[PDB]
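Here we start with a single chain on its own, the form deposited in one PDB entry, put down as structure tokens.
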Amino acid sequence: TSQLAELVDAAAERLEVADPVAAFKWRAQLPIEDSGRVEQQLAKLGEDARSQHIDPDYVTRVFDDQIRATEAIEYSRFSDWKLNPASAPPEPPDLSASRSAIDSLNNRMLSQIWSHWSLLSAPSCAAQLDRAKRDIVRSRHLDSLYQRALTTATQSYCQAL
């Protein structure tokens, strides 16, 4: 079992927030893209990292990858719903629960990153990450779209110094 499995599990769970958010933005006629919100989120995560004496640039690259992967899922859903608007699913009443989940999963990922910092900077990181993705793809039943998203979201893990 990979030492990175808890981190990868948290990243995959965070990817899953794309579906309620996409459904909500579709029904509410809101854009997927929000560059100002991304800048504010990444700046805050860089400051959370600095508060814990973690390298902020490593953290903000990781979370930019994660956010791009999340947005990619939302764009894929919008493509499906453009082809068949009747298939757009019931959306959550609001995004307060999604905001809470994202905050919780941000914290879980950052704490796992620091907890395994020695491995993330070590030569075995890539192998350990491959193993973790495989196991999480199984345990969370990830389809082709989420598998690609997980690859994108984790592509900068083995960059820690």
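Only residues modelled in both forms are compared. Between two forms, the rigid core is the largest collection of C-alphas that superpose within 1.5 Å. Quick note: we count residues from 1 along the sequence shown, nothing fancier.
There is also a form deposited in another entry; it is not shown, and the following applies to it.
Candidate set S115, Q40, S121, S104; criterion, C-alpha shift of 2 Å or more between the shown form and the other one after rigid-core fit; matching residue, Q40. If you fit the rigid core between the shown form and the other one, you'll see the Cα of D94 move by 2 angstroms or more. Here's the thing about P93 and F78: their CA atoms end up at least 3 Å closer in the other entry than they are in this form. Note: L142-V38 Cα separation is 3 Å or more longer in the other entry than here. Taking only residues common to both forms and fitting on the rigid core, the CA shifts of 2 Å or more between the shown form and the other one cluster into runs of 3 or more residues at 35-43, 90-94.
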